[PDB]
């Protein structure tokens, strides 16, 4: 009778389905930049966005929706509740309390565990076999919170860690040789913040033992400027926000780069946060970041690097900072 009933013909049984989604908790600039980009790629055919600030969301959501004619992801849903997350393959938590010129440290912490207790677990009740990337901040300590508060195998529960930083690093690093940050290699681990031990021991622009930045050593630590790449790194997180008044794009790209790996089962190794519970001297459910291999099923395996006496020193140190911090609950 209708144009519908006239133009289109409904091929009988099996006229409904479902499968493999992406969901992002909260669309604060970040939650959001980590959105669009999941889109400017084909990671997900259903991307559901869960926020509690109902207003902006159905606004932002509809923006993406109007945007359809460009995406390669037909379904884009939104909810005020986690029911709207049913059967996600990957959930990315980016809700809490973001940034303030000065503030930013692990200050947004007792503050966020609260955000979590609520936000996180519950999401999980929905997509029971989900896999979580934690972006919030605090990534370490939150990964821990979530880890704890959720109760599924770390592998499933992962964190943004230093994937970010390391990248921030490869950038600057390459800013000096005149070589692509893809084409220079260096690792920064420990904490995602100011306890960041880069790990010069292993820094190419060709190969290990091959072009290790060490063999030509204008030092790299023990002097002659390069420490600064590292001081530039850390500070670098800060300087951004002071100016645009937040940390957006670059966090996004990072994550989607984590997703990319997980989803396409790339088994591309990564610096992410996990339980170093009993690695290089650390023996206490401290989650900091370490180079790990990521696939379909989470963290598969870990990569146990060669930190020099103190590279291990420093790391041993973060571990601990990060550690008492965790004498937790809402108490």
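Numbering follows the first chain given and starts at 1.
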Check the entry's C-alpha temperature factors for 159 to 167 and 141 to 149, then say which stretch has the higher mean. 141 to 149
Higher average CA B factor in the deposited record is what I'm after, so tell me if that's 191 to 199 or 91 to 99. 91 to 99
Which is it among 29, 301, 53, 60: the one with the largest CA B-factor in the entry? 53
Looking only at 120, 240, 251, 184, the Cα with the top B-factor belongs to 120
Split into thirds by Cα B-factor across the chain's modelled residues, where does residue 296 land: lowest, middle or highest? middle
With respect to C-alpha B-factor, does residue 205 fall in the lowest, middle or highest third of the chain as deposited? lowest
B-factor third for the C-alpha atom of residue 259 within its chain: lowest
Taking the chain's C-alpha temperature factors as the reference, tell me which third residue 223 falls into: lowest, middle or highest. highest
CA B-factor placement of residue 305, once the chain's modelled residues are sorted into thirds: middle
